[PDB]
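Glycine gets a Cβ as well: all are built from the backbone with ideal geometry, and neighbour counts include every protein chain shown. None of the figures in this text is laboratory data; all of them are computed from the coordinates on show.
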Amino acid sequence: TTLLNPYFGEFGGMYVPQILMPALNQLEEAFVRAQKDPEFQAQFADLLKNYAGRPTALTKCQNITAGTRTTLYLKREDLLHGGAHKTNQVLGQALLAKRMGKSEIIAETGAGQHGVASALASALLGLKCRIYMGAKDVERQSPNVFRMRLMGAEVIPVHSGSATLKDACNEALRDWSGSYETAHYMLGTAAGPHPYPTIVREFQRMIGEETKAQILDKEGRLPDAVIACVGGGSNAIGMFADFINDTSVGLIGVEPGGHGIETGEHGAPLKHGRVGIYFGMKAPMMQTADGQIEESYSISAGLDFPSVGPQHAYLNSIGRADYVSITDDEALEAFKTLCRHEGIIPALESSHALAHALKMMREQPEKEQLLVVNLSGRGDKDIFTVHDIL
Amino acid sequence: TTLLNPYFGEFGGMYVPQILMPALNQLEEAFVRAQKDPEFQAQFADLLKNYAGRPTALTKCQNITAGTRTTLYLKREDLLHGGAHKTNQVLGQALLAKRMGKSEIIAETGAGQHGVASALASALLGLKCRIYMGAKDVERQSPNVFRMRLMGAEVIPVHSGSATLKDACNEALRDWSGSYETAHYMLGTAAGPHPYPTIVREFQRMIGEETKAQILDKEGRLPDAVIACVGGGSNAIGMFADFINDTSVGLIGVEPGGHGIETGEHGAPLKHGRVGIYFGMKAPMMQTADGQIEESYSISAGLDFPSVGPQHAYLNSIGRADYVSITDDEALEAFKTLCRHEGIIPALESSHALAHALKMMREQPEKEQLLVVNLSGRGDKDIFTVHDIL
Amino acid sequence: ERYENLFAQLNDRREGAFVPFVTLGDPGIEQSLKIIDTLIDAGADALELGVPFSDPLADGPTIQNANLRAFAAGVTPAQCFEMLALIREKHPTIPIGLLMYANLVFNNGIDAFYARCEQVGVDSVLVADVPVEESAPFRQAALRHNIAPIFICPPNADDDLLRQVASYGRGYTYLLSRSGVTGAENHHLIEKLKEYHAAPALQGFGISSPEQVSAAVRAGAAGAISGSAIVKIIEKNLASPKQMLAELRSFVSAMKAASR
Amino acid sequence: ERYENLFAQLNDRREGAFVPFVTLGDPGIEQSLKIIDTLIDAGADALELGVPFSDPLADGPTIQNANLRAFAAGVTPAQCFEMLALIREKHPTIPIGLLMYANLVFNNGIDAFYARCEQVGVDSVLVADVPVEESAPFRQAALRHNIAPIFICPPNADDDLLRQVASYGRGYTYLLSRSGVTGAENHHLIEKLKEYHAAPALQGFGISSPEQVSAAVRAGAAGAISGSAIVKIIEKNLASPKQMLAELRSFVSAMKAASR
Ligand SMILES: O=P(O)(O)OCCCc1c[nH]c2ccc(F)cc12
Ligand SMILES: O=P(O)(O)OCCCc1c[nH]c2ccc(F)cc12
Ligand SMILES: *Cc1c(COP(=O)(O)O)cnc(C)c1O
Ligand SMILES: *Cc1c(COP(=O)(O)O)cnc(C)c1O
Ligand code: NA
Ligand code: NA
């Protein structure tokens, strides 16, 4: 038995080899006590504030919405140490690891951002960091790899399977099944076996709590909708969490549509995949008709998770949240538009969220709406990519 | 005559062609009134807070100083929108430009960071941006150039002279001498003709004001010394300003020593150059025995200004502030050390400041000292550079 | 049924069971079927067969490569069930157990997967990524179709788990010799399992030498499962089918010999 | 002295002064001296000579290139003063004005630069980046060494500036025809300057056509200065010294002719 519910409706669970259950049970228990431990919270908040840079600003866009009745605010997680929202949760999981007496950290990474965040939190807190990365990604993410090494993290390429993120996720679990005693698996998104979906959300929840207080302060009211891209689901659920009970606030998740849904080359498992059991959870995913797991495709490398967090699949099923997709080209246009009119280079990941807000505005220009887009990260990393395409 | 003193002791002045004096006088006057205008301040502070990310954190280093009696804090300007402290001042100069009815912006840039900051402030405030860059730098700063273009700024290469920063500074003044009526010259450092040294300092002054309140809060006392690298002098004077009257606080400026002072290949004009008249000011600079201006050399491209701000030359002469140098290798070691023990990638520029703090600590480990280093920027931009060297 | 029978017989002959594991379709369909016929001829008491899955997270390199070779051969779950039927048609009494990953079982409906196992003649199913806590739907479907749901007893097993594995499992109990994943180059439980009337224990993971089989049986286990050690012989002889079967016969006979 | 004399003479002959400007040492020492002798022979009333500086921020492309050519020739300030002496030795009466940038004057001491100008026979010095507000040290040093400190009267000049330029300047007043920098392809003041007893005005910047000289004199100016237009002839004939001098003679004579 567990202390917390491992399922969100029919999605979730703990589908891991029997050998790992005690590790999972130990983690849930450590999390539940840390959550009630004032000393743990003070420590977490201290690092978020004095080391990461929280609270991040909530910027009102004054040029981009000209000529419409849309007021758009951007939650600036791009201003967080590391350049992305991932930093919030790895700092918490690292404190959790220490609380359990663990001295090593295992992490999986695709685009490399989670790897970098895991490495920086480890270096800061004196933990040994082991990072698994698909050989194909290692090759395409040379900069992030050097960054990880520079921070003392060990980067191990994974040549098995497709040699991408899903294969790195496999290797991390394999490693952990044998080293759970001294090492902690720092999962990178709000997915996987319980209690990770729950832990990662609670450690990303300050994004939505800050936004709410910030919008209430600047506009005297809650937004009509908050929008966030969904790769695995952490930045999105982090933004959604505090608004879930405010039924008047729309929650919109944007999955990458790649070259277009109809082309089959996308990364939108939540709305265009099929429920399966993988990576320790029951959730919708990219899989063949045979049940073999497939990769997610997108112009932005950071939305490569072939599945999605269970709480999202759940929020969708009960109609609390809506999920849409945005193609590469639409994300590109949103990327260019923000650079040119607001002087902010957004991550191609976050551009998917921005592109949808832009669409809501443009399709109904006279509609009065207060929107908040979660700018999950900065796009310096995407400069060359957008360069060549252009 | 002018409203403010154009000189700091014997350094400073307004050594520009006669045709530009009225532009200078108009700017000083606009600055003096803006400085007294509550509406202007509210606007400036608003942008700094909700758009740039101020106040930046003051991080206590807990690993790097282990085994010594040195307490080291880092002022995180690396967490500022844009990744560097330059953002603070360009936002203010942009508001100044609008206040004067100017609609265009002229800027010079070497490493490209000032160009990027000028471009982002222009895009945000609806100003047309023209940026001059030495052809040699354009070539070596491909990423920053694309960033500038991406933000709608015009980047014009300068093939004259050495085709580096000093030549770009020349072209900007040439351009301005003929377009001062509709355009404003957004100088990138606390140097040049009055009132730029004064304006840039006042627009960077929040760095030191924040630090003081932050240190007083965390340590209950003022630091023993605050340290900052000096390329042209803006991040340094921004940090120093608020502490100048607190005589118990040491002010230390670090110029790049390149391959070593004795090799002649450095960028430390303040302590190893000779007073000359150039770029509209009387200050120490890199020049031949003949009086021809020379380039500053350093592993970090952002410390390429062949001279130094006049207030620094002045603070040094009266012994209020001390200036030292740090070689490429020392900056490199400091760069690696911060990545590995604190999980922060510093700009190679800021690493010069860090390297000196490290030296103060290491040379006298039992000396009790409270130090603050101004982490002027992040080093993502330096990853490949440090890569190859390594 | 088939497990009960096999175990009754082995007990009378005072010997342990040797169970080889191979991936269906490795290195190809025709060669895989030949490999399997050789394993049985050489002395295997039962078979543990894996269905090629894209993300075998409980498997070490050796078997990860076996899956790749299988996929490279165009092998699909449907083709596996075809092989499974042909194998059963040739060997009516040997117990056949499948080593599965959850998605391949869940894919087209849980009950439908077991119904297919039943009609093909499969005896047991071990779902590697389904712990006892999440097994309800799986074991019930297995029972409804007369398939034995196999459960893993890990070394870090506490009493509660022991009791569950004992009452939920059937056919045999998979006993983990260590933590980690499958890999050739890598008692209190046995007694407690017996105490709780658990199905005969078969030890697995790392069993590559004949003496390991002797020791397993001596420790109280009904037999041993060996996979990577067998699969390694396949990969090392890819270029020569003949030598592959010869070496397979030799290894298997030596391993079964040790079970007596 | 030399300016006073030149201007007295020109007034009697009812003509304006034509003053060419070239960079000392462009394209080389020997050729530069020849170019200068040709300018005088062709009709120049005075010379405005630039000393190659590394950062000529008040200069357009044409002259920026002249400095480069000079540096490429190894020309230094010391060599310029050597040329300056040879030129004076050959032409005892022509006024010689130097176009300088502040650092080259400040370098080894302000007073020392003017002392050297005096001993070499230089008549005036125009420091391009020193406005009247910062000129105290410079004009005083100039006066002490009998050198005329030249000041620029820009088009956006207000009355106060006018009065200062009038009382501080000597020899001649440099009148800016426009804002911006030097470049060939690019009255109220004149009266006020006369009212305030300013030294004879010489208009400069953009003067490249003979009619421009006529118009300048007609407007009330004592003459015109032309630089880029002259330097352009040098760069365009680099490969042929002979044609360079020929074309220089032609342009200069045409320009001086227009001053009458
Ligand atoms: O000889 P070895 O170590 O390859 O064991 C193979 C055992 C059979 C086996 C193959 N794949 C597995 C995945 C999970 C599991 F519990 C058991 C197995
Ligand atoms: O013909 P043109 O436009 O090249 O003018 C040349 C005038 C002489 C000249 C050469 N360099 C200068 C720098 C400043 C200044 F006030 C005047 C000059
Ligand atoms: C990691 C990342 C994402 C995707 O992860 P989620 O878990 O879906 O939040 C999105 N944006 C940025 C900038 C990221 O780094
Ligand atoms: C521009 C820059 C500097 C140098 O400029 P100063 O005017 O000397 O402050 C130093 N550090 C960083 C990161 C910079 O971008
Ligand atoms: Na996904
Ligand atoms: Na400098």
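Worth a mention:
- Label point 7 Å beyond Cα along the C-beta direction, distances from D:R14 to other copies (nm, shortest first): 14.7
- Cross-link partners for B:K98 among the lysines, with Cα-Cα distance under 17 Å and sequence neighbours closer than 8 places in the same chain left out: B:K36, B:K128.
- Gaussian network model of chain A, springs between alpha carbon atoms under 10 Å - residue of A:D175, A:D328, A:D217 with greatest fluctuation: A:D217
- Cα shape, chain B, gyration tensor, a/c 1.5 rule: rounded
- Cα gyration tensor, segment A:271-312 - rounded (a/c under 1.5), prolate or oblate: oblate
- Centre separation in Å (Cα based) which lies between segment B:326-390 and segment D:143-195: 53
- With θ taken as phi - 60° and the Karplus curve 6.51 cos²θ - 1.76 cosθ + 1.60 applied, the whole-hertz 3J(HN,Hα) list for segment A:115-127 is x, 4, 5, 5, 4, 5, 6, 5, 4, 5, 9, x, 10 Hz, x standing for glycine and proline.
- GNM flexibility winner over chain A from A:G152, A:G178, A:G110 (Cα, springs under 10 Å): A:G178
- Theoretical FRET efficiency, 1/(1+(r/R0)^6), r = Cβ-Cβ of C:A215 and A:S103, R0 45 Å, to 0.05: 0.85
- Backbone amide hydrogens, once placed in the peptide plane, bring A:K128 within less than 5 Å of A:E104, A:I105, excluding anything fewer than 5 places away on its chain.
- Residues whose amide H comes within less than 5 Å of that of D:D129, counting only those at least five positions distant or on another chain, are D:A102 (H built at 1.01 Å from N in the peptide plane).
- Of interest is the spacing of the C-alpha centroids, which for segment B:287-316 and segment A:49-76 amounts to 39 Å.
- Note, ³J(HN,Hα) from phi for segment B:269-277, Karplus 6.51, -1.76, 1.60, rounded to Hz, x at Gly and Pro: x, 4, 9, 9, x, 9, 4, x, 10
- Extreme residue, positive dipole direction of the protein assembly as shown, given options C:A198, A:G280, B:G250 (C-beta unit charges): B:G250
- Pairs beyond 21 Å (Cα-Cα), from A:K336/B:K136; B:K271/B:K359; A:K136/C:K236; A:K60/A:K367: A:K336/B:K136; A:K136/C:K236
- Computed from point charges on the beta carbon alone (+1 for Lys and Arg, -1 for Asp and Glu), the dipole magnitude for the protein assembly as shown about its Cα centre is near 400 Debye.
- Amide H partners (placed H, <5 Å) of A:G276, local residues excluded: A:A283, A:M285
- When chain A is treated as a Gaussian network with alpha carbon springs shorter than 10 Å, the biggest mean-square fluctuation among A:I227, A:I19, A:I105 belongs to A:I19.
- Taking label positions 7 Å along the Cα-Cβ direction at both A:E10 and D:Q9, the computed distance is 10.9 nm, reported to one decimal.
- Charge dipole of the protein assembly as shown about the Cα centre (unit charges at C-beta), most positive-ward option of D:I150, A:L120, C:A215: A:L120
- Charged side chains reduced to their Cβ positions (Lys and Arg at +1, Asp and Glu at -1) give chain D a dipole of some 560 debye around its Cα centre.
- Crossing angle, helix B:328-342 versus chain B [Cα axis fit, 0-90 degrees, rounded to tens]: 70
- Degrees between helix A:21-36 axis and first principal axis of chain A (Cα, 0 to 90, nearest 10): 60
- Taking the longest Cα principal axis of chain B as reference, the axis of helix B:165-179 is set at about 30 degrees.
- Taking 7 Å steps out from each Cα toward its Cβ at C:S240 and A:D37 produces label points 6.1 nm apart.
- Dipole of the protein assembly as shown [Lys/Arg +1, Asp/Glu -1 at C-beta], most positive-end residue of C:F71, D:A246, A:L24: A:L24
- Distance (nanometres) between label positions extended 7 Å along Cα→Cβ at D:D160 and C:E89: 10.9
- Relative contact order of chain B, pairs being alpha-carbon contacts under 8 Å that are 6 or more residues apart, as %: 20
- Each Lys and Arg contributes +1 and each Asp and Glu -1, all at the Cβ; summed about the Cα centre of segment A:77-152, the dipole is approximately 280 debye.
- 7 Å along Cα→Cβ, label-point gaps from A:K36 to other copies, nm, shortest first: 6.3
- P(r) of the protein assembly as shown over all Cα-Cα pairs, binned every 10 Å from zero, in whole percent: 2, 9, 15, 16, 14, 12, 10, 8, 6, 4, 3, 2, 0, 0, 0
- 7 Å along Cα→Cβ, label-point gaps from A:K367 to other copies, nm, shortest first: 6.5
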